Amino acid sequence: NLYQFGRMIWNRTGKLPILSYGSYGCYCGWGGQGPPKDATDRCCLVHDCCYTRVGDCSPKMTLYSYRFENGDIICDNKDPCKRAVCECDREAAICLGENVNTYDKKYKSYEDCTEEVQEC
C-alpha cells in the first residue's frame, strides 16, 4: 500500500513523502505525461510503468511484506503479486534516494509536460 511506499521513501530520501513528491515534475503526482523534468521525475516515471504491468494486483492498496536487513530494503513475499508491487516501490524509493541531491523544489511550481506518452 501507499503507506509502506511512503515509509520507504522517507527512509531513503529523508523527506516527507507526499509534500515533497506529491506534485513533483510530470510523473510524481497522480497521472503523468510529457518529458521527465529530471532524474527524480524519471524515477516516478519508471514507477508508473511498473504499476501498469502490475494490473492484476491493486498497486496502491496491496499489502506486502518487506523488511530491513543491515539498512537494505528486502521484499520477502511468496505471492508474485505482492512481491512485484513491493519491488516497484523498493526500486522507486532507492532511485529517489540516489537523486535527492539534484532535487529542486522548483519542479513542483514549474512544469512543461508535453502531450507525448513516454516509453514503458
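Residue numbers here begin at 1 and follow the sequence given.
Per-stretch averaging of Cα B factors for 82 to 90 and 37 to 45 places 82 to 90 on top. Looking at 91 to 99 and 52 to 60 together, the entry lists the larger mean B-factor for 52 to 60, computed on C-alpha atoms.
Annotation for residue 24: C-alpha temperature factor in the lowest third relative to the rest of the modelled chain, per the entry. Looking at the C-alpha B-factors along this chain, the one for residue 1 belongs to the middle third.
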